[PDB]
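Protein chains in written order, with the deposited numbering: chain B, 39 to 316; chain A, 39 to 314; chain C, 39 to 316.
Backbone N, C-alpha and C define an ideal beta-carbon position, used for all residues, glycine too.
Report on the following structure.
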Amino acid sequence: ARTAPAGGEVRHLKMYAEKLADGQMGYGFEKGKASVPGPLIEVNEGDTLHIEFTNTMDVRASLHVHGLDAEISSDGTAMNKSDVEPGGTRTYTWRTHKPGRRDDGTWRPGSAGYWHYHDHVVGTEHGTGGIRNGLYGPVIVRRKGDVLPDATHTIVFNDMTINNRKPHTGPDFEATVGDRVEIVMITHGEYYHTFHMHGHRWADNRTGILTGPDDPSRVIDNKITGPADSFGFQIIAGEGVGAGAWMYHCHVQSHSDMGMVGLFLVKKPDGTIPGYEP
Amino acid sequence: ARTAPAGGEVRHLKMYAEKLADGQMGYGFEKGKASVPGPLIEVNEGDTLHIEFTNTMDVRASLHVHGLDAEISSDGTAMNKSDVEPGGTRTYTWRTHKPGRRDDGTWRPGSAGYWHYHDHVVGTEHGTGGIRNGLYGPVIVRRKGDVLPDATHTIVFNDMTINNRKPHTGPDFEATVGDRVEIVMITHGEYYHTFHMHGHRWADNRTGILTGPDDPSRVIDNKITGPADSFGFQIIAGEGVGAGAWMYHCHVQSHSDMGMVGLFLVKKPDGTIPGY
Amino acid sequence: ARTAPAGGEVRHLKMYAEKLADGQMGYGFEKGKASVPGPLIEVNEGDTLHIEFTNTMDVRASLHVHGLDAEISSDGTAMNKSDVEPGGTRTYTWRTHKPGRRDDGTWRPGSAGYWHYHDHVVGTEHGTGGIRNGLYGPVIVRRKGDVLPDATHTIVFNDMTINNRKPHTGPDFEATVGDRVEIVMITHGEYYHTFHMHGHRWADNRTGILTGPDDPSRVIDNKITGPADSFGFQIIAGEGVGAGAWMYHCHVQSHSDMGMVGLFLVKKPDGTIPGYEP
Ligand SMILES: [Cu+2]
Ligand SMILES: [Cu+2]
Ligand SMILES: [Cu+2]
Ligand SMILES: [Cu+2]
Ligand SMILES: [Cu+2]
Ligand SMILES: [Cu+2]
Ligand SMILES: [Cu+2]
Ligand SMILES: [Cu+2]
Ligand SMILES: [Cu+2]
Ligand SMILES: [Cu+2]
Ligand SMILES: [Cu+2]
Ligand SMILES: [Cu+2]
Ligand SMILES: [O]
Ligand SMILES: [O]
Ligand SMILES: [O]
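Written out as structure tokens, the structure reads:
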């Protein structure tokens, strides 16, 4: 549904950090259902979120968030003991706020935007081991009136991989011509990257959408990103270009050649993609 | 000419891909007149552009564009047989659109901006060979009312080179104090860069120009870029700083040291340049 | 106060380039009081600045500035002999200008912004030696109406160091909850970086501050930077998150692991910091 809503609710949520069978580490809302990337958390400006977090691993782990109003006790770092011991359980709290005028007359930003969460404790004091292994996930904070998508996809460039997948695999995403597709794009690790989508483009601002003819933001289909960068956008699938198997990839030449490639499969109403072999 | 116009007309155009005597590969509007970078293509929002493309090389080649409304048949990739056989000829179509309100009440962006075209098939499935050899070129799409420059210069950071030129060989550009100079800045290859100009600055938005006093865009003279990034801007030559041999270079220290340097030569009305 | 008063006044200043005892090279306002980074230079749009520069070193050195209206005679490059001989003295001139309509009806940008000065001559004709040794410093140009901070801190990512300091040695900065803190963020050298601040966020525009509700600039807490990049922002210390030892670091994993970390120490009114022992 378009736009909405007001926002300002208290939200409760359970979350777990698990070591997976393949040696990777992931977050999940349920035990045995962890994923890389971790599950999407979407809230509205003003919402308070209480996360009952449980470390089911044999090493210390934490939950650390970007952009959201988290107190030092919910920082998720080793230094101030806001990380979690093996088998332990801690309640992290993320608050959010609406924009508005301060007493001094200046404008307070508001927490709306495309954010992410990750471990800060596994491997090193900066979560190098955790992030490498897959302990990361997307967070979206919505402002009142923000356009809502048909579906949201998370693309994370972690080191030389997309979503910790083996080279030249996925992820591939499906859509029908006209679908409002939202992309959350996060980067992690050592390397700078350049995200690129074939046949689609977005505004380089907060939402990825231009508000009106007054917005001077650059319209792009290619964007440089570094570790811990997060941005997002919405596109109309196949808008002005029609159905097809539209590539997305890192445009760093050796990166794309070594398998940092996926497909945005845009289908006709009848379900066919020209000219693609399933 | 300053400002405008509307669009869009239907444009027809011929383009060729050639192996050069250097060993490099270039695009051109005519056989024997290929260049690195390839020729500039400038259109207005709304224009439809039909390119009669001919691959004169012994390997498969393609034409792939950023930003413009090109259908999957004009994607220029091997994956869906959109590339071209040796000796072959294919018609690529690029469409452009004005911004406007969608039926749902949201705002559709529009094609206007600084874009680029390149090969997607030579060397690898991603045109690593073609791009390295020089198969790249600039594309400008104008919005109705966009300020038009006196001249347009294309600077491409390809790997450790500028426009595939040997270290410490420019290119250099000339202008007179007061000339409205447009720069199209494209990056290709493996490495990140920082584009920098002495004595000049621009807005970090679509046009490179601030619309008015309400535009909050950062005014910059230094910008980080990665492979396939493209941006552009207009500057008034020598504005507030006067004539001179103004350096432009990548600011990555070893890059500038190893030859990623050129000169923006701004002359007095009499033709002289202070210093130099 | 609160806001910038508008220039332009003619300002005179003395500056020295010294080789320090430890082997580093620094700028200073007084002979013997050189620092890395060099001293902050803050002016208002319209101001003219005359810098009486003296090279006290045994090699050639220069003063080169970003963003400000400097003539070719004040470029500070070997090319046009605007660098300074050992023991020599040269008067550099930096001018600034307000935005306005040109004769042709277009809008001229104006000098306002976060800028930097550095050497262009030591080591190579691009100042690679000087910059590595520490010859760099911040420059701020204010526009009329610009919100003034309580304090300004300079964070320079020079190669694998912050402000040429040894790994894991800060620098740390102190503030009290509610203080308007300004950060000037400059990058130099060979490497790309990602600047990140725990518990704080800013707008990705000229001032780092949103003008009003109409500003579409992305609100971020993480930003990719390359050599010679400069940006700045203002934050309300501990806003929405309270006091604490808030971490700042380059988010490139090996960089933070190898010492590119510091602390933004936000104190309670009573001077205590939760979960932090001194
Ligand atoms: Cu951190
Ligand atoms: Cu990459
Ligand atoms: Cu492409
Ligand atoms: Cu982080
Ligand atoms: Cu591609
Ligand atoms: Cu470079
Ligand atoms: Cu410079
Ligand atoms: Cu491309
Ligand atoms: Cu320079
Ligand atoms: Cu770094
Ligand atoms: Cu963090
Ligand atoms: Cu510089
Ligand atoms: O972090
Ligand atoms: O591409
Ligand atoms: O520079």
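Problem - chain C residues whose Cβ lies nearer than 7 Å to that of residue 119/B - result: For the purposes of this step, residue 119/B is taken as residue 81 along the first sequence, with counting starting at 1. Correct list: 313.
Practice task
Reducing DSSP to helix, strand and coil, say where residue 255/C ends up.
Solution key: Here residue 255/C corresponds to residue number 217 of the third sequence, with the count starting at 1. Here residue 255/C sits in coil by DSSP.
Practice task
With 8 Å as the threshold, decide whether the Cβ of residue 292/C is near any Cβ in chain A.
Solution key: On the third sequence, residue 292/C is found 254 positions in, with the first residue counted as 1. So no, residue 292/C is outside the interface.
Handout entry: chain A contacts from the stretch 216-248 of chain B (Cβ-Cβ distance under 8 Å)
Key = 230, 231, 232, 234, 236, 237, 239, 240, 241, 247 and 248
Exercise for the section: Just the C-alpha distance for residue 90/B and residue 127/B, rounded to the nearest angstrom, thanks. Expected result: Counting from 1 along the first sequence, the entry for residue 90/B is found at position 52. Counting from 1 along the first sequence, the entry for residue 127/B is found at position 89. If you take the alpha carbons of residue 90/B and residue 127/B, they lie about 7 Å apart.
Handout entry: Through-space distance from residue 290/B to residue 229/A, alpha-carbon basis
Key = Along the second sequence, one-based indexing puts residue 229/A at 191. Along the first sequence, one-based indexing puts residue 290/B at 252. Taking the straight line from one Cα to the other gives about 8 Å.
Problem - Those residues, in chain order, that have a beta-carbon closer than 6 Å to some heavy atom of ligand 3 - result: 234/B, 236/B, 102/A and 104/A
Exercise for the section: Pick out the complete beta strand (DSSP E) segments inside the stretch 140-209 of chain A, 3 residues or longer, and give them in chain order. Expected result: 151-156, 174-180 and 189-196
Exercise for the section: Would you kindly check if the distance between the Cβ of residue 115/A and the Cβ of residue 295/B is under 8 Å? Expected result: Counting from 1 along the first sequence, the entry for residue 295/B is found at position 257. Counting from 1 along the second sequence, the entry for residue 115/A is found at position 77. Their beta carbons are not under 8 Å apart, which means residue 295/B does not touch residue 115/A by this criterion.
Problem - the stretch 119-143 of chain A: positions lying closer than 8 Å to chain C by Cβ - result: none
Problem - Best match in 44/C, 202/C, 208/C and 279/C for proximity to residue 238/C [C-alpha to C-alpha] - result: Here residue 238/C refers to the residue found at position 200 of the third sequence. Of the listed residues, the one whose Cα sits closest to residue 238/C is 279/C.
Practice task
Tell whether a beta-carbon distance below 8 Å holds between residue 42/C and residue 184/C.
Solution key: The sequence position of residue 42/C within the third sequence is 4, counting from 1. The sequence position of residue 184/C within the third sequence is 146, counting from 1. Yes.
Problem - Uninterrupted beta strand (DSSP E) stretches inside the stretch 250-296 of chain C (no shorter than 3 residues) - result: 260-263, 268-274 and 282-288
Practice task
Grab the span of the beta strand (DSSP E) containing residue 52/A for me, first residue to last.
Solution key: For the purposes of this step, residue 52/A is identified with residue 14 of the second sequence, where counting begins at 1. Residues 48-57.
Practice task
Pull out every residue of the stretch 104-115 of chain C whose Cβ sits closer than 8 Å to any Cβ of chain A, in chain order.
Solution key: 104, 105, 107, 108, 109, 110, 111, 113 and 115
Problem - Same chain only: Cβ atoms within 6 Å of residue 67/C, ignoring 5 sequence neighbours per side - result: Numbered from 1 along the third sequence, position 29 holds the residue referred to as residue 67/C. Once the five neighbours on either side are set aside, the close Cβ partners of residue 67/C are 77.
Exercise for the section: Would you mind working out which of 85/A, 55/A, 131/A and 102/A sits nearest residue 96/A, comparing C-alpha positions? Expected result: Working through the second sequence from its first residue, we reach residue 96/A at position 58. When only C-alpha atoms are compared, the closest one is 55/A.
Exercise for the section: Could you pull out every residue in the same chain whose Cβ sits closer than 7 Å to the Cβ of residue 151/C, ignoring the five residues on either side in sequence? Expected result: Taking the first residue of the third sequence as position 1, residue 151/C is located at position 113. Closer than 7 Å at the Cβ level, and outside the excluded window around residue 151/C, lie 105, 179 and 244.
Problem - Of the residues 71/C, 65/C, 79/C and 87/C, the one placed nearest residue 46/C, counting alpha carbons only - result: Here the question's residue 46/C lines up with position 8 in the third sequence. Among 71/C, 65/C, 79/C and 87/C, the Cα nearest to that of residue 46/C belongs to 87/C.
Handout entry: Extent of the continuous beta strand (DSSP E) to which residue 314/C belongs
Key = Within the third sequence, the letter at position 276 stands for residue 314/C. That residue, residue 314/C, is in no beta strand (DSSP E); it is neither H nor E in DSSP.
Handout entry: Proximity to residue 69/B [Cα-Cα], best of 57/B, 80/B, 129/B and 79/B
Key = In the first sequence, residue 69/B corresponds to position 31, counting from 1. Checked all of 57/B, 80/B, 129/B and 79/B; the closest Cα to residue 69/B is 57/B.
Handout entry: Candidates 311/A, 261/A and 267/A, of which the one nearest residue 284/A by Cα
Key = Position 246 of the second sequence, counted from the first residue, corresponds to residue 284/A. It is 311/A whose Cα lies nearest to the Cα of residue 284/A.
Exercise for the section: Anything in chain A within Cβ reach of residue 165/B, meaning under 8 Å, just list it in chain order. Expected result: As a working note, residue 165/B is residue 127 in the first sequence. Under the 8 Å cutoff, chain A gives no residues; its nearest Cβ is about 24 Å from residue 165/B.
Practice task
Under the assumption that residue 196/A contacts residue 267/C (Cβ atoms under 8 Å), give the Cβ distance between them as a whole number of angstroms.
Solution key: Locating residue 196/A in the second sequence gives position 158, where the first residue counts as 1. Locating residue 267/C in the third sequence gives position 229, where the first residue counts as 1. So it is not a contact: roughly 21 Å between Cβ atoms.
Practice task
Taking only beta carbons into account, state which residues of the stretch 259-279 of chain B come closer than 7 Å to chain A, listed in chain order.
Solution key: 259, 260, 262, 278 and 279
Problem - Pairwise C-alpha distance: residue 117/C and residue 75/A - result: Counting from one through the second sequence, the residue named residue 75/A turns up at place 37. Counting from one through the third sequence, the residue named residue 117/C turns up at place 79. Taking the straight line from one Cα to the other gives about 28 Å.
Handout entry: Nearest neighbour of residue 207/A, chosen from 286/A, 215/A and 81/A [CA to CA]
Key = What you label residue 207/A is simply residue 169 of the second sequence in a count that begins at 1. Here the closest residue by C-alpha is 286/A.
Problem - Segment limits, beta strand (DSSP E) that includes residue 235/B - result: As a working note, residue 235/B is residue 197 in the first sequence. Per DSSP, residue 235/B belongs to the beta strand (DSSP E) from 231-235.
Problem - Start-to-end residues for the beta strand (DSSP E) that takes in residue 213/C - result: Indexing the third sequence from 1 puts residue 213/C at position 175. Start and end: 211-214.
Practice task
Leaving aside the five residues before and after residue 205/B along the sequence, list all residues of the same chain whose C-beta is less than 6 Å from its C-beta, in chain order.
Solution key: Position 167 of the first sequence, counted from the start, is the residue given in the question as residue 205/B. If we look at residue 205/B and ignore the five residues flanking it on each side, its Cβ neighbours are 296 and 297.
Problem - Spatial distance of residue 73/B from residue 159/C (CA atoms) - result: Against the first sequence, residue 73/B aligns to sequence position 35. Against the third sequence, residue 159/C aligns to sequence position 121. Spanning the two alpha carbons is a distance of roughly 53 Å.
Exercise for the section: Mind checking who residue 70/A pairs with in its DSSP beta bridge? Expected result: Within the second sequence, the letter at position 32 stands for residue 70/A. The partner list for residue 70/A (beta bridge, DSSP) is empty, contrary to what the question assumes.
Practice task
Could you list which residues in chain B have their beta carbon closer than 8 Å to that of residue 257/C, in chain order?
Solution key: Residue mapping note: residue 257/C aligns to position 219 of the third sequence, counting from 1. Correct list: 105, 147, 148, 149, 150, 151 and 244.
Exercise for the section: Measuring only between beta-carbons, confirm whether residue 193/C sits less than 8 Å from chain A. Expected result: Position 155 of the third sequence, counted from the start, is the residue given in the question as residue 193/C. Output row for residue 193/C: interface = no.
Practice task
Answer yes or no: does any C-beta atom of chain C fall closer than 8 Å to that of residue 297/A?
Solution key: Along the second sequence, read from residue 1 onward, the residue named residue 297/A stands at position 259. Taking Cβ atoms only, chain C never reaches closer than 8 Å to residue 297/A, which makes this a no.
Practice task
Would you please verify whether the beta carbon of residue 162/B is less than 8 Å from any beta carbon of chain C?
Solution key: By 1-based counting over the first sequence, the position of residue 162/B is 124. Yes, contact with chain C.
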